[PDB]
Amino acid sequence: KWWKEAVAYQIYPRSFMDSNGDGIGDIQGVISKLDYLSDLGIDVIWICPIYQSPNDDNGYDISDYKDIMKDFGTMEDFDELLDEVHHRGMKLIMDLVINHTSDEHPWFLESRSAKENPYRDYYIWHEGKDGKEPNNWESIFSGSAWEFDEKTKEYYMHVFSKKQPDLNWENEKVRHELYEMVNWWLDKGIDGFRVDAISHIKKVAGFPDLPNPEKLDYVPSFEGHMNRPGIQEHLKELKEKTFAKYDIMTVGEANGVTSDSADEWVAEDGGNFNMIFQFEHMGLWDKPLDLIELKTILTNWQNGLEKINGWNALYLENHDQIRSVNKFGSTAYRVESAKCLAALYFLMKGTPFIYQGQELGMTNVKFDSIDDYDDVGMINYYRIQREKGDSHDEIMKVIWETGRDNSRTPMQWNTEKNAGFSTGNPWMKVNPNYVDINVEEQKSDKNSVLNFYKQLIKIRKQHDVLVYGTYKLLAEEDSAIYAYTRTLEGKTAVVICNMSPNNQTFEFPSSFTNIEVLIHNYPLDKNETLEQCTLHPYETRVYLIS
Ligand SMILES: [Ca+2]
Ligand SMILES: [Ca+2]
Ligand SMILES: [Ca+2]
C-alpha cells in the first residue's frame with residue numbers, strides 16, 4: 001500500500017550525472033544529486049541496470065549479476081548509494097534482467113564451449129534448417145533472431161541483440177540459479193524490482209516458422225515469444241520463490257498484455273506483480289494526435305484494473321521511448337503541453353513514474369550522423385534498410401521521430417559545458433537546447449515545468465482522492481479536451497486538460513458545497529466564469545469538489 005501512494009523517478013544512470021569526467025554517468029554522480037530528487041518529493045527511485053556489462057545494450061546485457069559495472073563504480077559505491085537513498089526517506093528498486101544474459105556471461109561462455117556441457121541448455125540452441133537459421137524469426141533489434149556458432153555448428157536464439165542470448169526458462173536449473181540471484185539482492189535490503197522484458201520468457205515450443213505474407217527475409221516474432229500461453233507457470237513460481245518472501249514492490253515490463261487479459265499479472269488476488277508497464281498507449285519498436293484513441297486506451301486500463309483490484313503503473317516516458325512532448329504534446333507549446341501532459345497521466349488512479357528530463361520538458365534531438373547515435377536497434381536498422389535502398393534521409397526520419405536514443409541524451413542540469421552533466425566528452429551528445437532547458441533555470445521560475453511537477457506530487461500526497469479515488473471519463477467525444485474525475489467519499493477531483501495547440505471552449509461538467517483550484521498552468525482570468533471554461537492552448541486545471 002506504500003507503493004500505491006509512492007511517486008517513482010526513473011534514472012538512466014549512464015546519462016544522469018558524471019562525477020569523474022569520462023563522459024559516462026556513474027553512481028557517485030547519482031549520489032551527488034539525491035538532494036534534487038528528495039526536494040522534488042520522489043518516494044521511489046528506479047535505477048536502470050548497473051551490473052557488469054559489455055554495454056552492447058547499455059547494461060541490459062549482463063555478464064555478472066552480482067558485480068557492478070566498472071564504468072559506474074564498485075559494490076561499495078552501490079552500498080553507499082543505497083544507504084544514502086534510504087536515509088533520505090526514499091526507496092530504491094533495481095532493474096531485474098532475466099530473459100537473457102550477455103554472451104560474455106560465464107554461463108554462456110561455458111554453454112558455447114561444446115555441444116554437450118552442463119550449461120548448454122541454460123540457453124536456447126538449435127541446428128539449422130536447409131543451410132539457414134532454424135526459423136524465420138526476426139530479432140526485435142532487426143536481423144535474424146538466431147546467431148550461428150561456428151564451434152558447435154548450431155544457432156543460439158536472441159530476441160534482442162546478438163550479444164544477448166535468451167535464457168532457457170524450461171530448464172529448472174536455470175530458474176533455480178536465477179531465484180538464488182534475485183533473493184541475494186533482496187537480502188541486501190533493496191526495495192523491489194522493475195522486471196525487464198518479463199513477457200518474453202516463454203517461447204512457443206519447437207519454435208515454429210511464422211506466417212510471412214509479405215515474403216520478408218525475417219519475420220517480426222512477437223507471436224513466437226511474447227506473452228505466450230504457459231508463461232504464467234514460470235511467473236507464479238518466480239513470485240513464490242522470490243518476491244512473495246519480502247515486503248517489496250514489483251513492476252513488470254509486460255509488453256503484449258491488454259487490459260482484458262491483465263488479470264493474472266496484477267490482480268490483488270493471485271497477481272504475480274504489484275503492477276505492470278503496459279504499452280497499448282505507447283507502442284514499442286514501431287518504425288495531431290487521435291486524443292479519443294488515447295482516451296479509450298487509458299480508460300480501458302483504469303476501468304479494467306478497478307474491476308479486479310489491480311494497480312496501474314502510470315507513465316508517458318522511459319529509456320525505450322521518445323520524449324512525451326514530441327509524442328503527445330507540441331514543440332510549439334513545449335512548456336505548456338509538458339505541464340498539460342503531466343497533470344493528465346499523473347493524476348489518474350495508479351502509481352506515477354517520472355523519467356529523467358521529463359520534469360524539465362526535454363524534447364527529441366536531431367543528430368545528422370548515424371555515428372552520433374548508439375542504440376543497437378537503430379544502428380542495425382540503418383545498416384539493413386540502407387542496403388535495401390532506403391535513403392539516408394528516410395532512415396534518419398524514422399530514427400528522429402521514433403528512436404529511443406531521444407531519451408538517452410545527458411540530463412540537462414545547467415547552462416555550463418555539457419549542461420553540467422560532465423566535464424569531459426559525453427558518451428552521447430547533449431541536446432543543444434540545454435541553454436534554454438535546464439534544472440538551474442527551472443528551479444527559480446515558479447511557473448516552470450519542474451515546479452509544476454512539484455505541485456502535482458504535493459497535491460497528490462495531500463489529497464487521498466488523487467490516490468484512491470475512482471476514475472471516470474468526462475466529455476468523451478471532445479477531440480481536444482481530455483477531462484476526467486476522481487471520486488472518493490465526499491471529495492471529487494476534476495482534472496481538465498486541453499490537449500490541443502488551440503484555444504478551446506468547454507462547459508464545466510458539474511452539486512458541490514465547496515470548490516478549490518488545486519493546480520493550474522495558466523494565470524486565472526478574473527472575468528471567467530466556472531461554467532464557461534475558456535482554455536488556452538494546452539491549459540490544464542484541477543478543481544477540488546466537496
Ligand atoms: Ca563517470
Ligand atoms: Ca516446462
Ligand atoms: Ca480563459
Side-chain angles (χ1 to χ4, degrees), residues 11-33 47-48 50 52-53 55 58-59 68-74 76-78 80-81 121-124 166-176 178-179 201-207 225 228-238 240-241 333 336 340 408 410-411 413 417-428 430 480-481 483 496-498 500-508 517 520-541 543:
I11 292 180
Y12 193 69
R14 195 170 197 90
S15 299
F16 196 65
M17 177 61 78
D18 174 29
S19 61
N20 51 23
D22 58 353
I24 302 171
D26 48 74
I27 293 169
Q28 288 292 337
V30 173
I31 294 183
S32 69
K33 313 305 281 180
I47 193 165
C48 284
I50 56 176
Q52 182 185 107
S53 165
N55 287 312
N58 285 4
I68 301 301
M69 195 189 301
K70 229 97 200 185
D71 292 346
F72 289 168
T74 65
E76 181 200 334
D77 294 294
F78 167 81
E80 183 183 358
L81 167 66
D121 296 311
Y122 267 54
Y123 298 85
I124 302 168
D166 282 69
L167 286 168
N168 176 27
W169 273 78
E170 299 311 316
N171 190 330
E172 70 206 332
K173 286 140 110 202
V174 174
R175 303 199 295 272
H176 180 66
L178 289 181
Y179 298 156
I201 64 175
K202 179 66 179 185
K203 276 71 175 167
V204 180
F207 325 117
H225 56 67
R228 296 298 88 199
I231 191 177
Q232 298 298 336
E233 181 178 311
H234 299 318
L235 299 184
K236 183 168 175 291
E237 181 177 66
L238 172 58
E240 289 168 359
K241 295 282 190 171
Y333 298 95
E336 301 91 341
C340 186
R408 296 174 182 192
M411 179 66 173
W413 297 102
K417 182 174 61 174
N418 302 321
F421 158 78
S422 174
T423 64
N425 306 310
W427 73 279
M428 164 92 65
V430 67
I481 306 299
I496 302 180
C497 301
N498 181 10
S500 65
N502 295 131
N503 292 307
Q504 304 287 355
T505 62
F506 178 80
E507 315 206 45
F508 195 80
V517 183
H520 59 90
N521 62 337
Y522 277 87
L524 301 184
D525 303 324
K526 288 215 135 208
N527 288 324
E528 187 169 336
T529 67
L530 172 66
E531 244 277 310
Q532 314 311 339
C533 300
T534 46
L535 302 170
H536 288 304
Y538 292 106
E539 175 166 4
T540 178
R541 295 182 200 167
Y543 298 90

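Remember, it's 1-based here, ligands and their atoms both numbered in the order they're listed. Throughout, numbering of the chain's residues begins at 1 and tracks the sequence. Scope of the values below: all heavy atoms of this structure, side chains included, with no hydrogens, waters or symmetry mates.
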Which label fits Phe508 and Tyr543: parallel for a plane angle under 30°, tilted from 30 to 60°, or perpendicular past 60°?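 Perpendicular: the ring planes of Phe508 and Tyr543 meet at over 60°.
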Measure the acute angle between the ring planes of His234 and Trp169, then classify it against the limits of 30° and 60° as parallel, tilted or perpendicular. tilted
So do the side chains of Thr534 and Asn503 get within less than 4.5 Å of each other, counting heavy atoms only? no
Any side-chain donor-acceptor pair under 3.5 Å between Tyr538 and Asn521?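 Side chains of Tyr538 and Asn521: no pair found under 3.5 Å.
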Are there more than 12 heavy atoms of other residues, nucleotides or ligands under 6.0 Å from atom [atom1] of [X]?
{"X": "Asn20", "atom1": "CG", "value": "yes"}
{"X": "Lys33", "atom1": "NZ", "value": "yes"}
{"X": "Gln532", "atom1": "CD", "value": "yes"}
{"X": "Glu528", "atom1": "CD", "value": "yes"}
{"X": "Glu531", "atom1": "CD", "value": "yes"}

Tally of protein N, O or S atoms, where distance to the Ca ion (ligand 1) is under 3.0 Å: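 That number is 5, waters not included.
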For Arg408 versus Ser15, what's the shortest heavy-atom pair and its separation? O-OG, 2.6 Å
Between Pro426 and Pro410, the two heavy atoms sitting closest are CB-CG, 4.0 Å
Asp71 and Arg14 ion-paired at < 4.0 Å: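 Salt bridge present between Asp71 and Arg14.
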Not counting sequence neighbours, which residues clear ring pair (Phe, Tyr, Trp, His ring centres under 6.0 Å) with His536? List them please.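 Partners of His536 by the ring pair (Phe, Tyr, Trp, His ring centres under 6.0 Å) criterion, ordered by chain and then number, come out as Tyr522.
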Ignoring water, what protein N, O or S atoms are under 3.0 Å from the Ca ion (ligand 3)? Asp525 OD2, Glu528 OE1, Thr534 O, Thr534 OG1
Within less than 3.0 Å of the Ca ion (ligand 2), how many protein N/O/S atoms are there? 1
